[PDB]
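Asker: Could you have a look at this structure, given as structure tokens, before my questions?
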Amino acid sequence: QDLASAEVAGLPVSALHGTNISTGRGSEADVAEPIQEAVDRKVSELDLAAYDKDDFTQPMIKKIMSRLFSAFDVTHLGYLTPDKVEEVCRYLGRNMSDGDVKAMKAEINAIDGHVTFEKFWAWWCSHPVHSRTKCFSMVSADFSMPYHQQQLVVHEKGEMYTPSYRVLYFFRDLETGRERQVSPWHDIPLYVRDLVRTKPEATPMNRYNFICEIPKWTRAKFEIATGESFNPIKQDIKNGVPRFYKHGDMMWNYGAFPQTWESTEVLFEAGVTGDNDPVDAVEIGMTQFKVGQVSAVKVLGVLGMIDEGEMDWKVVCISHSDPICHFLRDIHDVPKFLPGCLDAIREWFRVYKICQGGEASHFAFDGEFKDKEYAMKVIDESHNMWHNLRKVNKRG
Amino acid sequence: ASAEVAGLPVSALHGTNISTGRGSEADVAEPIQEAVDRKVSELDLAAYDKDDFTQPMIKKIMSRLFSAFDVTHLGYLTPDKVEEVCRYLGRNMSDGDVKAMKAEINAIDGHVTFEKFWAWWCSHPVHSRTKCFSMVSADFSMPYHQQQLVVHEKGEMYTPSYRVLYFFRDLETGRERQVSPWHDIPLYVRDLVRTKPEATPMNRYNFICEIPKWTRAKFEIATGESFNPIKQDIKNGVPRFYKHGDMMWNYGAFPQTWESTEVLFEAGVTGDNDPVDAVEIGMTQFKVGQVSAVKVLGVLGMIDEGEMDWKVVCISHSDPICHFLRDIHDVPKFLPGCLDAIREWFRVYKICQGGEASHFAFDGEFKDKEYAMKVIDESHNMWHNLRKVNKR
Amino acid sequence: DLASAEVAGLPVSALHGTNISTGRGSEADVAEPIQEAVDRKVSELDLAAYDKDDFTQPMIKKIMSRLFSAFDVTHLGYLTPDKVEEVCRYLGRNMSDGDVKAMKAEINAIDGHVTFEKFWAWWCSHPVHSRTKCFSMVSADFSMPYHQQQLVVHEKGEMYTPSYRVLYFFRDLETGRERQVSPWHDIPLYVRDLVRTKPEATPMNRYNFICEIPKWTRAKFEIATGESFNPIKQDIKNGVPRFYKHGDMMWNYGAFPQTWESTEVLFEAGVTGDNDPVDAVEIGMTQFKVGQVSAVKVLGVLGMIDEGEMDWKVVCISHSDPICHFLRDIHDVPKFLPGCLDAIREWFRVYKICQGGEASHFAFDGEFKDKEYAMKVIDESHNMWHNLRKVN
Amino acid sequence: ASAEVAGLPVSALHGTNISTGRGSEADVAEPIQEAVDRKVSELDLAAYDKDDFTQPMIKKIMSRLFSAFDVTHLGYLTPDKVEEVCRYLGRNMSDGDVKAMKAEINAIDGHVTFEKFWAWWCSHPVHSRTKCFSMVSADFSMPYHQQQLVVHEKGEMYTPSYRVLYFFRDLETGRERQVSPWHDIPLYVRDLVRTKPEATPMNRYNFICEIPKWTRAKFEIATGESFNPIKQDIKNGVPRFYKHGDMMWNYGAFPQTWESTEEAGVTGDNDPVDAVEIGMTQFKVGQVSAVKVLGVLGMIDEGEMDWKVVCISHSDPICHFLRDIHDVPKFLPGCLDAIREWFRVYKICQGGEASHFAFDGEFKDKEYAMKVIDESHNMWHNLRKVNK
Ligand SMILES: [Mg+2]
Ligand SMILES: [Mg+2]
Ligand SMILES: [Mg+2]
Ligand SMILES: [Mg+2]
């Protein structure tokens, strides 16, 4: 991060005047006196190469060239053997073809196998080569991209505010054009990964799939039907009447993480177990999602609420499409860009049962929002409980 | 959209009753008395009233649902239809729990009346925490190992030894292999499961930065070398630089593309045996050899020595204004002067060295993104041909 | 007509560049390009801009002669010493009367006729290291007697009790003197710059909005119109702090200073004013503190009628918001913040049902008028405010 | 901030009770019993329960507030004390009602116990609606006319006749008057009533663009001409250009400044201070823009400081994230190196040497820069004086 600080800070005397054109052969080449032009101009070789109007003249090139020939002459004999001369050429960028090497060994004429820089220079200048790089290298690693790209398709069926309403999911295999129904809970991957991640290996991964169940600014209850086939989203209707949060509107997109399972058979701490449900999340971005809408989010932290022996996590995340997404690096950043947000979310979950005659909620850690790494470990563990729920059903 | 700003239907402003969901197959009804005395719709009551529906209220709603399944209008339902009602209401019912139900209602004539159903419904409440979870799914596999692109600097800058090499680190096994940024980095960046709307087109390419924003030292993908690392452009041992002035945008190239000499743009103009060129215009300077996802927006066409040299205009998907640039026509709205400047630079860069102004295609016009993507596609096809015509 | 230009093709005129002009229009003969230009196959102007070398004395000569000629309108082949001074003047050479008599002497056109040659000869021998010696002090002399004030807010009492109060003051930034003000009467409605540098072609839309109920809260705070210096206070009933029971207000909710809707001015038939300042809903992503003041851009208004009184709810946005620039009118909201107008309207349509009320009645069927409409409502409100002060 | 992230005090989690607000002047109380029975605090029931407080609850609460005015515990209030308590509990009394209640309650012993107060309270309901509004006001009339900057281009670009003229249009009268960009455009942009947070430092300056981003033709404020319009750098009739390459940021001046080190008359080679605006948006020649100062770079010409202030336009998408010079490499990596590189070498092209910097090339922070600007603003006031 002090890469930033390097820019602001002053520079050494190497960076203010510039250096010699270097050989690239290391301490294996003897540090030289700059060429005459640099010395007369009072500008370094590299600065003259980079910014003077005229290109280096032939005598200047010869100087630089002999500094690079000498550099291969490690035992300091004052000459090179034809084979080293081909190395030099390959190093100068002129990748020669077998025909050429012998052609050059030939034209150079090493009257004793000894090629002096002078002899080289003379050959080099009489055989210019317009390097359009005629041969192209196909050497690749060629890995197999064994994967069928899918396009999610979301269909509404039935009527909202009635028992018929359902949001269904499908996958259109792109390489085959064929459609298949899928479970948003079991089939949409939890982690969103690229085939070839080009972001710096340095930057860790944080891109999760979020399934919206309750739209920002709404209060009508919807949920993943973990009981129904292909687990489509269904509205919460009891006795033909739709249910709602009575406390007020959910002020952030509220939903769940696919391929996750918090089990009432796995403990958090004595007395506290899981709630037999995918982990929930609240994405705080500015845009309202539609019911059942799926979006890529970034996890930032998690709030934990314990109710009747069951740990009920609330993951705080944010849509990668949100203008401020790039500035939220961890939970601690929500307050700076979204002041009061964490506070409202916690209060909402602390008091929402009061309205219908219940009490304030009991949280874990005295209501602390743990940081992203912790939220990710919850999600990860949950992913595993989900993989176990899948295995225990296969055989059974 | 403007549906939100526009006026509302008198059915929306006052509210509506609680529908059954069985369509016109239910006789439109009168609101329940309580909704009448309140002067508030049933739905608004269900949604916003501080209280839950009283039992008498739930019965009238439940009654309408019941009667809706009574399509003939007998005034009762066969136990199979009653079973259909329970399902509809979200109550799982198996031959077991089922039989015990008709044992409880007892319609000595199979005629289950609403009062007899309601009666039974109210005497068998069940906390539906849904005990049986459905595993039914498409369960797709994914034999893939995500690869981490690793970039490494080798040698020394401003000298003939500098190179940027590339590798794939298998995130599952951890093993690392050397790859050609030219041949192995995909041109098209695609999601394994695309969650964005099918109505939304794809426009997401990998761009390889060769010359950084605000600099002028030349570097290029060494198409001639094994695994084509990035090498610096050194001639006779002296580094080379644009003398006209600095490249003011990250300038670079698209992997898996090739414009071939052996192909014509139009009579007289061939390809130029290089991967296609790109100028990414976002605000962030990229490092040499750096790879990023870009949105393509259009292209400038330059012809020299009967050869076509395209300059694809693009913008990193991370740039703050990326989402607002939709096509080439949007660049002047947000980056006024940008295109003008990029064209002017390419129009005159050879003059300080004694050359002349350049000649463009279309009189210097920026073809739009659709034309630009085709230029990328074709060039991608040329790459495939280029690749076959070798192993073979 | 600015996008298009940068995208579109260029005239031959532009792609080849042109001659250095006299800048005196038709009064000058179109000329043939200088030979050095012709030998290069590069326009004169491209050469001066991009060639590595500066123009030589002979090239300058040709350029300066075309200029000189330009002043010689009737082609006499010479100029009067009087016109020569003009040329010197045009070339950027500040000439004090001393210099002028000197030039008339030093050239010496014993017949008043000064040829280009005589002129050129004189120019070359009296080189002048410009450095611009004399500074011009001419200027308008706008004065600012008044002192810049800083709005300061102090809190008194305990929040959620009848004693809490948000008091307003103006601190003189020069004296340090703090003086209590009324958010309602003293904070300016329109935010004005001393010198607007923003483009004139851009209509102003910058207002001060006083926040009463912060985003995501439900405690009823209000500007105390009946108390002196109208500080913010909470609504209390029978000693208990009042809250919205319908649910939290989901946007920053407040009012516009210097506005007023009187119960004595009609709007429609049997439609009066709320007898309060105009209320506002600011939709940015950021929650303000109770009584925090902010510049917002107005986007439209929604009109609620209740008991023959109009209850305007203006939709605006903090200029500080990341998408503020993109919402130019009410129609943009559904495009950047979909659901927002729906939710705001739905909220006000039903917030009273919770406490046994009925759904609200709206004007224009709840359509959201545009910003032109909102802005007319606001200016009117300012005049009722100006009249409310005069009547009193 | 991190307060939002951190755990909460057990009292916050549980919920607090309805306070007297009179501060410690009220005896801390037990939650009324119906609050105890709900296992929900008094304030949570008031803010979140569906129903209003029951009459027995309101009474218990009104009695805690009433007693809180009875600071010496007499057990009753004198009738002058009742008015206040009424307002406090939320009842707008009016001169007519006060007299009326001082009678109606009729404290036939001057004592108004709580029970008497309460009995009166329940038999008398007043429709507040607030009939009288307060017009008390500071009345800080600071009348002035809004001036709108108006810019006009004259002549032909790339020739001696191109000028950019500036004007003020009084938005009241609508009459225009030619002004000078150097002398008349405010260096400090100030709100006559600043509503932004007082704890937030002022940092808003006008920037007059001379050389647009990505261009290399030279323009400058004509310090020698009346109304100092912007002219093009023309010499012997040929327009001048930077030969190193294009300026890659908008380059211009700060109005009302003067970089001189010196009488009673005129002077020469000195200009307003130099600024480099680094936003993504190009500005036309002569365009003016509010900017945020971020730091500065100093070149020593020949014993003379040639400062270049780094700044960003307030309209830029990343303005808000750049708080000081150290923030630029974080959002515009390479931007400062590049600005430094450009100034280090722009004279090599034509046979000159690399420039030398003060502080080895360090970019001083915003504080140091606004200081340089202020001295320059003062230096400007002295010029203004000397001559006039
Ligand atoms: Mg849960
Ligand atoms: Mg190419
Ligand atoms: Mg109002
Ligand atoms: Mg300076």
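Residues are named by chain letter and number: chains run A, B, ... in the order of the structure tokens, numbers start at 1 in each chain, and ligands are numbered from 1 in the order shown.
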Residues of chain C no more than 9 Å from chain A, counting only C-alpha atoms: send them over as a PDB file with C-alpha atoms, in the first residue's frame.

Answerer:
ATOM      1  CA  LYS C  52      10.429  18.093 -33.951  1.00  0.00           C
ATOM      2  CA  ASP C  53      12.036  21.334 -35.191  1.00  0.00           C
ATOM      3  CA  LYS C 215     -33.553   7.780   6.727  1.00  0.00           C
ATOM      4  CA  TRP C 216     -34.514   4.485   8.378  1.00  0.00           C
ATOM      5  CA  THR C 217     -35.982   6.080  11.525  1.00  0.00           C
ATOM      6  CA  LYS C 245     -46.341   3.111  13.713  1.00  0.00           C
ATOM      7  CA  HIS C 246     -46.663   2.172  10.052  1.00  0.00           C
ATOM      8  CA  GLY C 247     -42.871   1.571   9.888  1.00  0.00           C
ATOM      9  CA  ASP C 248     -39.651   3.583   9.467  1.00  0.00           C
ATOM     10  CA  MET C 250     -37.166   5.003   4.320  1.00  0.00           C
ATOM     11  CA  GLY C 284     -29.865   9.587  -1.707  1.00  0.00           C
ATOM     12  CA  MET C 285     -28.215   6.513  -0.214  1.00  0.00           C
ATOM     13  CA  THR C 286     -26.968   8.532   2.788  1.00  0.00           C
ATOM     14  CA  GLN C 287     -28.836   9.087   6.107  1.00  0.00           C
ATOM     15  CA  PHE C 288     -28.470  12.602   7.617  1.00  0.00           C
ATOM     16  CA  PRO C 322     -23.162   9.425  -6.376  1.00  0.00           C
ATOM     17  CA  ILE C 323     -26.053   9.258  -8.872  1.00  0.00           C
ATOM     18  CA  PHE C 336     -31.613   4.445 -11.411  1.00  0.00           C
ATOM     19  CA  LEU C 337     -33.621   3.652  -8.321  1.00  0.00           C
ATOM     20  CA  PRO C 338     -36.454   1.422  -9.492  1.00  0.00           C
ATOM     21  CA  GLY C 339     -39.170   0.813  -6.932  1.00  0.00           C
ATOM     22  CA  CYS C 340     -38.379   4.112  -5.275  1.00  0.00           C
ATOM     23  CA  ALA C 343     -42.438   2.732  -2.434  1.00  0.00           C
ATOM     24  CA  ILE C 344     -42.544   6.455  -1.516  1.00  0.00           C
TER      25      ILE C 344
END

Asker: Counting only C-alpha atoms, a student should be able to say which residues of chain D come within 6 Å of chain C; what is the right answer, written as an MDAnalysis selection string?

Answerer: chainID D and resid 21 47 62 88:90 133:134 136:138 146:149 156 159 161 179:180 192:195 223:227 241 266:269

Asker: Output C-alpha atoms for every residue in that selection, as a PDB file, in the first residue's frame.

Answerer:
ATOM      1  CA  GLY D  21     -35.659  14.736  30.050  1.00  0.00           C
ATOM      2  CA  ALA D  47     -41.663   3.272  19.509  1.00  0.00           C
ATOM      3  CA  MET D  62     -47.440  11.739  33.153  1.00  0.00           C
ATOM      4  CA  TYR D  88     -43.716  19.878  28.166  1.00  0.00           C
ATOM      5  CA  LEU D  89     -46.308  17.010  27.984  1.00  0.00           C
ATOM      6  CA  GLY D  90     -47.182  18.248  24.493  1.00  0.00           C
ATOM      7  CA  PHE D 133     -46.874  30.555  14.296  1.00  0.00           C
ATOM      8  CA  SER D 134     -43.660  32.202  15.419  1.00  0.00           C
ATOM      9  CA  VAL D 136     -39.018  35.421  15.355  1.00  0.00           C
ATOM     10  CA  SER D 137     -35.984  35.519  13.042  1.00  0.00           C
ATOM     11  CA  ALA D 138     -32.434  36.779  12.846  1.00  0.00           C
ATOM     12  CA  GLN D 146     -25.917  36.669  -8.203  1.00  0.00           C
ATOM     13  CA  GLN D 147     -23.288  37.113 -10.940  1.00  0.00           C
ATOM     14  CA  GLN D 148     -23.195  34.485 -13.676  1.00  0.00           C
ATOM     15  CA  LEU D 149     -19.777  34.005 -15.385  1.00  0.00           C
ATOM     16  CA  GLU D 156      -9.718  32.559 -35.047  1.00  0.00           C
ATOM     17  CA  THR D 159      -3.916  32.974 -35.088  1.00  0.00           C
ATOM     18  CA  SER D 161      -6.814  37.186 -33.092  1.00  0.00           C
ATOM     19  CA  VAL D 179     -14.656  41.501 -16.176  1.00  0.00           C
ATOM     20  CA  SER D 180     -11.173  40.103 -15.776  1.00  0.00           C
ATOM     21  CA  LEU D 192     -22.715  33.217   1.747  1.00  0.00           C
ATOM     22  CA  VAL D 193     -24.462  30.824   4.186  1.00  0.00           C
ATOM     23  CA  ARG D 194     -22.299  27.740   4.513  1.00  0.00           C
ATOM     24  CA  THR D 195     -24.504  24.846   5.534  1.00  0.00           C
ATOM     25  CA  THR D 223      -1.562  39.620 -17.970  1.00  0.00           C
ATOM     26  CA  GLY D 224      -0.587  42.570 -20.101  1.00  0.00           C
ATOM     27  CA  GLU D 225      -3.955  43.265 -21.755  1.00  0.00           C
ATOM     28  CA  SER D 226      -7.052  45.088 -20.504  1.00  0.00           C
ATOM     29  CA  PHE D 227      -9.606  42.633 -18.964  1.00  0.00           C
ATOM     30  CA  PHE D 241       3.274  24.194 -28.806  1.00  0.00           C
ATOM     31  CA  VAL D 266       4.883  47.610 -12.797  1.00  0.00           C
ATOM     32  CA  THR D 267       6.983  44.402 -13.193  1.00  0.00           C
ATOM     33  CA  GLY D 268       7.111  41.541 -15.759  1.00  0.00           C
ATOM     34  CA  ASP D 269       7.646  37.762 -16.258  1.00  0.00           C
TER      35      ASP D 269
END

Asker: Find the spatial neighbours of residue D:339, counting only C-alpha atoms, within a cut-off of 10 Å - ignore same-chain residues fewer than 5 positions away - and output them as a ChimeraX atom specification.

Answerer: /B:214 /D:247-249,276,278,297,308,310,334,344

Asker: If you count only C-alpha atoms and all ligand atoms, which residues end up within 9 Å of ligand 2, as number ranges by chain?

Answerer: B: 253, 258-259, 271-278, 308-311

Asker: At a cut-off of 7 Å around ligand 4, and using only C-alpha atoms and all ligand atoms, what residues come up? Please write them as a count of residues only.

Answerer: 8
